[PDB]
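Undergrad: An experimental structure, sequence included, is below.
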Number of protein chains: 2
Amino acid sequence: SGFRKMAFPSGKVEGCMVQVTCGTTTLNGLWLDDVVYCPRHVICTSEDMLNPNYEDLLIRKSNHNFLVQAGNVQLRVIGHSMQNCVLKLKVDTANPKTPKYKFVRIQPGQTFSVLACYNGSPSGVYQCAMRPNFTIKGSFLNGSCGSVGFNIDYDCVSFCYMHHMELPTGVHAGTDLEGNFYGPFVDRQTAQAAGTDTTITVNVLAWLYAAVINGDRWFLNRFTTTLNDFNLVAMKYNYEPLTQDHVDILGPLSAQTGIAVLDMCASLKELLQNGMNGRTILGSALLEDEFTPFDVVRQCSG
Amino acid sequence: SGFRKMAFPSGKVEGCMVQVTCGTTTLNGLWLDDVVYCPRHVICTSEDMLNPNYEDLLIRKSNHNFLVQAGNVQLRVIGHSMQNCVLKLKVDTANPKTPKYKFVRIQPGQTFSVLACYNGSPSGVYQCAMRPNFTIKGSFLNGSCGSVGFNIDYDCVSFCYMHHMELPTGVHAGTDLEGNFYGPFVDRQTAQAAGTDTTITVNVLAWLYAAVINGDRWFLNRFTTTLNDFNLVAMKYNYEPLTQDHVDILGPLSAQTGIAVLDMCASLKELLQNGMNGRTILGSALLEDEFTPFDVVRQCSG
Ligand SMILES: CC(C)n1cc2cc(Nc3cc(=O)n(Cc4ncn(C)n4)c(=O)n3Cc3cc(F)c(F)cc3F)c(Cl)cc2n1
Ligand SMILES: CC(C)n1cc2cc(Nc3cc(=O)n(Cc4ncn(C)n4)c(=O)n3Cc3cc(F)c(F)cc3F)c(Cl)cc2n1
């Protein structure tokens, strides 16, 4: 197909990555104005990591225990606090590369760009989606803790994810920039399982709209459905139910193609019930669920 | 610990993107030190684009016919020349964000990051490969002309691609930074086909090693093959030959996984002859060929 996982240009975020070290424990942090944000796990020694008491651990730290570096350049820490699972270190220098920014908490299905970093040095950028079980299928090595995920709209970086940990199945878990985990996970080095995942229905529908835009439309039928009936069927096939917000974000694709959202729902319901019977959509037998309606419009229309 | 198409961080290149305008024709340029590089197609009017005589068109221009804009700042052009299909505009100010850089010509099968840009403004970043038929399967829209492809090694940006055009099939053609096309194409608005494409065998093997590293092993078998006998089958299926150099560069991945290169070849041979019978590898329903061995080593080990 002519669709790629495309990331946002990463330069605005690259200019904000720093390294934070407490003793020998080291990870990545995010320097915006005169504050550095990073996972509070940095304050753990190896022996603390299993079952940390973060209040007690933080109480015994002072500003002079935190080594924050921009490249090789040390930034002096002049205050510290903890908000949920994020440490906030106030530094004596406002980052001159700070972009316009927001902190946002995203829903499952939403996509974002990840800047994978090691020792405060950006290494790679890629797009990924928040799964319905609140994990991401990222690509992260040891030392990636504190890498961030983001979108860029207008000229403003919306930070939505800070990476904390790998789960036993190789998927990834983390927090928003206010330190609240996505999903039921905790920041301790214990085995935590993600729940069973489901397919992101709103994104599958966006993919079907993308196929229509490109002239691949064999799956359009003469039926419609109600949203409630569709949701009840979807859940029988391990598909997420649609929300009212999902119907709304499909609006532009519906308008562009002239296909009502609930008619697309009826078409997807036929595919769930009957399978693709050997046919392909956009050259594939698999339905893509990590392109949002906004991703589709970006790549089709710019 | 996950496998994604990962691009280089784009910030070093973002700082070099400008807009170039000649008359009403406009596209993207690359500002390094005191020179702006862009496709010479920019000197064409609408009527010229169908069948341009570029040396004629260029002698009919002066420095003041070129408008170069870097954000809200106009750069004064104080000289111009052509190098093959690349226009070089000397400006009166050096770019302070110029990275350390080189111009390189890549080989089919090699990968690079693309920074897609519109009207001099970076819009997205993604990884792609130079196809054996010297096209690229990019994500590019109208106005992307002059976007660049690059790799980053240490702190040095190696520019390898400058985007020119989309072919009727929806794939893309462009030049190196010395203005030579990859492939049999010309910078004329006329329908151009590429040669028949093949699959990049060494890259498929690298990606199968990535699959094994990430625990996806169903396709392994215990057949063995010689390099020659694998190559006879590969060529039958429109796969590129595997050379001894290819075998050598897969060595690190062979060592890591304990799977001899020719044992992986025997696995690939079976996949070509039998298909993947509805199964996936690393979530893909088809054999992926846009990851090089180095790509896999970098993403799976650092
Ligand atoms: C001795 C010094 C140098 N030192 C050791 C450290 C170990 C740490 N623990 C983690 C680091 C990390 O990068 N990741 C992310 C990840 N993504 C994919 N892979 C494979 N790894 C982790 O998951 N962890 C474990 C972990 C991190 C948490 F934030 C958490 F709440 C629980 C965890 F189990 C770290 Cl962070 C620093 C180290 N420094
Ligand atoms: C403002 C007005 C006066 N104006 C119109 C222009 C048209 C131009 N022509 C192209 C622009 C472009 O971005 N792309 C790349 C691309 N990638 C995917 N898509 C769908 N399009 C093109 O392929 N072209 C066509 C094209 C470009 C060449 F460099 C070439 F040698 C032959 C071509 F047919 C341009 Cl470049 C500027 C324009 N300005």
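TA: Alright, I've got the coordinates. Residues are numbered from 1 along each chain as shown, chains lettered A, B, ... in the order given. Ligands and ions are numbered 1, 2, ... in the order given.
Undergrad: any idea how far chain B is from the nearest residue to residue A:227 once chain neighbours are set aside?
TA: Nearest in space to residue A:227, with sequence neighbours left out and distances taken as C-beta to C-beta, 6 or more residues apart in numbering or on different chains, is residue A:242 at 6.2 Å. All C-beta atoms are positioned from the backbone trio N, CA, C, and that covers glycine. Between residue A:242 and chain B the computed distance is 24 Å (C-beta to the nearest C-beta, to the nearest Å).
Undergrad: And for residue A:242, the neighbour number?
TA: By the measure other C-beta atoms under 10 Å in any protein chain shown, the count of residues near residue A:242 is 20.
Undergrad: check contacts around whichever residue of the stretch 101-250 of chain A sits closest to ligand 2.
TA: Closest contact between the stretch 101-250 of chain A and ligand 2, by C-beta to the nearest ligand atom, is at residue A:214 (13.4 Å). Residues in contact with residue A:214 (C-beta atoms under 8 Å, 6 or more residues apart in numbering or on different chains) are A:2, A:282, A:300.
Undergrad: Identify the residue nearest the closest residue to ligand 1 within the stretch 51-200 of chain A in space, chain neighbours excluded?
TA: With C-beta to the nearest ligand atom as the measure, residue A:187 is the residue of the stretch 51-200 of chain A nearest to ligand 1, at 3.0 Å. Leaving out its chain neighbours, the residue that sits closest to residue A:187 by C-beta to C-beta, 6+ apart is residue A:85, at 4.9 Å.
Undergrad: next one: residue A:172
TA: Spatially, and ignoring its direct neighbours in sequence, residue A:172 is nearest to residue A:138 (4.3 Å; C-beta to C-beta, 6+ apart).
Undergrad: since we're on the residue of the stretch 51-200 of chain A closest to ligand 1, how many residues are nearby?
TA: Residue A:187 has 22 neighbours, counted by other C-beta under 10 Å.
Undergrad: before we move on, what about residue A:220?
TA: Neighbour count for residue A:220, taken as other C-beta under 10 Å: 16.
Undergrad: helix or strand right after the host helix or strand of residue A:161?
TA: Taking DSSP states H and E as the criterion, the element that holds residue A:161 is strand A:156-166. Going down the chain from strand A:156-166, the next helix or strand is strand A:172-175, by DSSP H and E.
Undergrad: what's that following strand in contact with?
TA: With contacts defined as C-beta under 8 Å, 6+ apart, strand A:172-175 is touched by A:39, A:84-86, A:134-138, A:140, A:149, A:161-167, A:181-183, A:185, A:192, A:194, B:2.
Undergrad: quick one on the thing from earlier: elements contacting the strand holding residue A:161?
TA: Here strand A:156-166 touches strand A:35-39, strand A:100-103, strand A:111-118, strand A:148-153, strand A:172-175, going by 3 or more C-beta pairs under 8 Å, 6 or more residues apart in numbering or on different chains; DSSP states H and E.
Undergrad: Please list all residues in contact with whichever residue of chain A sits closest to chain B.
TA: Nearest residue of chain A to chain B (C-beta to the nearest C-beta) works out as residue A:11 at 2.9 Å. For residue A:11, the contacting residues are B:9-12, B:14-15, B:122, by C-beta under 8 Å, 6+ apart.
Undergrad: what do you get if the cut-off is 10 Å, keeping everything else the same?
TA: Listed by C-beta atoms under 10 Å, 6 or more residues apart in numbering or on different chains, the contact partners of residue A:11 are A:97, A:99, A:115, A:122, A:125, A:152, B:9-15, B:97, B:115, B:122, B:125.
Undergrad: Sheet partners, orientation included, of whichever strand or helix holds residue A:31?
TA: Element membership of residue A:31 [criterion: DSSP H and E] is strand A:25-32. The strands beside strand A:25-32 in its sheet (DSSP bridges) come out as strand A:17-22 (antiparallel), strand A:35-39 (antiparallel).
Undergrad: Let me know which of those is the nearest to ligand 1.
TA: For ligand 1, the closest of those is strand A:35-39, at 4.6 Å, according to C-beta to the nearest ligand atom.
Undergrad: Which element is encountered next along the chain beyond that closest one?
TA: Per DSSP H and E, the first helix or strand lying C-terminal to strand A:35-39 is helix A:54-59.
Undergrad: which helices and strands sit right next to that following helix?
TA: Applying 3 or more C-beta pairs under 10 Å, 6 or more residues apart in numbering or on different chains; DSSP states H and E, one finds that helix A:54-59 makes contact with strand A:77-83.
Undergrad: Could you tell me which strands sit next to the strand it packs on in the sheet, and their orientation?
TA: Partners of strand A:77-83, by DSSP bridges, with direction: strand A:86-91 (antiparallel).
Undergrad: List the buried residues for the strand it pairs with?
TA: A:86-89, A:91 (16 or more other C-beta atoms under 10 Å in any protein chain shown).
Undergrad: want to try JSON lines for those, with distance to ligand 1 as columns?
TA: What follows is the buried residues of strand A:86-91, written out as JSON lines (distance: C-beta to the nearest ligand atom, whole Å):
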{"residue": "A:86", "distance to ligand 1": "11"}
{"residue": "A:87", "distance to ligand 1": "11"}
{"residue": "A:88", "distance to ligand 1": "16"}
{"residue": "A:89", "distance to ligand 1": "16"}
{"residue": "A:91", "distance to ligand 1": "20"}
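Undergrad: closest to ligand 2 among those?
TA: Using C-beta to the nearest ligand atom, residue A:86 is the member of these that sits closest to ligand 2, with 41.4 Å.
Undergrad: Grab the nearest non-local neighbour of the closest one.
TA: With C-beta to C-beta, 6+ apart, the residue lying closest to residue A:86 is residue A:179, at 3.3 Å.
Undergrad: Residue A:252 against residue A:292, yeah?
TA: No. Assessed by C-beta atoms under 10 Å, residue A:252 is found out of contact with residue A:292, at 11.5 Å.
Undergrad: Neighbour count: those two, which is higher?
TA: residue A:292 (21 against 15).
Undergrad: Spit out the contact partners of the nearest residue to residue A:95 once chain neighbours are set aside.
TA: Once flanking residues are discounted, residue A:95 sits nearest to residue A:31: 4.6 Å by C-beta to C-beta, 6+ apart. Counting by C-beta under 10 Å, 6+ apart, residue A:31 touches A:15-18, A:20, A:37-38, A:68, A:70, A:75, A:89, A:91, A:93-95, A:97-98, A:120.
Undergrad: end-to-end on stretch A:54-64?
TA: 18 Å (C-alpha to C-alpha, to the nearest Å).
Undergrad: does that stretch come close to ligand 1?
TA: No. Stretch A:54-64 stays out of contact with ligand 1 when judged by C-beta under 6 Å from any ligand atom, the minimum separation being 10.0 Å.
Undergrad: Pull out the buried residues from that stretch.
TA: Residues of stretch A:54-64 classed as buried under the neighbour-count rule (16+ other C-beta under 10 Å) are A:54, A:57, A:61.
Undergrad: Roughly how far does the first one sit from residue A:84?
TA: Think residue A:54. Going from residue A:54 to residue A:84 by C-beta to C-beta, to the nearest Å gives 10 Å.
Undergrad: Find the residues that touch each one of those two.
TA: Common neighbours of residue A:54 and residue A:84 (C-beta under 10 Å, 6+ apart) are A:40, A:187.
Undergrad: Just list the residues touching residue A:103, thanks.
TA: With C-beta under 10 Å, 6+ apart, residue A:103 has these contacts: A:32, A:37, A:86, A:157-160, A:162, A:176-178.
Undergrad: from these, which is closest to residue A:202?
TA: residue A:160 (17.1 Å; C-beta to C-beta).
Undergrad: what are the phi and psi angles of the residue lying closest to the closest one once chain neighbours are set aside?
TA: Once flanking residues are discounted, residue A:160 sits nearest to residue A:106: 4.6 Å by C-beta to C-beta, 6+ apart. Main-chain dihedrals, residue A:106, degrees, to the nearest 10: phi -90, psi 160.
Undergrad: Quick check, the residue nearest to residue A:86 in contact with residue A:161.
TA: No. Counting by C-beta under 10 Å, residue A:161 is not a contact partner of residue A:179; they are 11.8 Å apart.
Undergrad: Right, I'll call it a day here.
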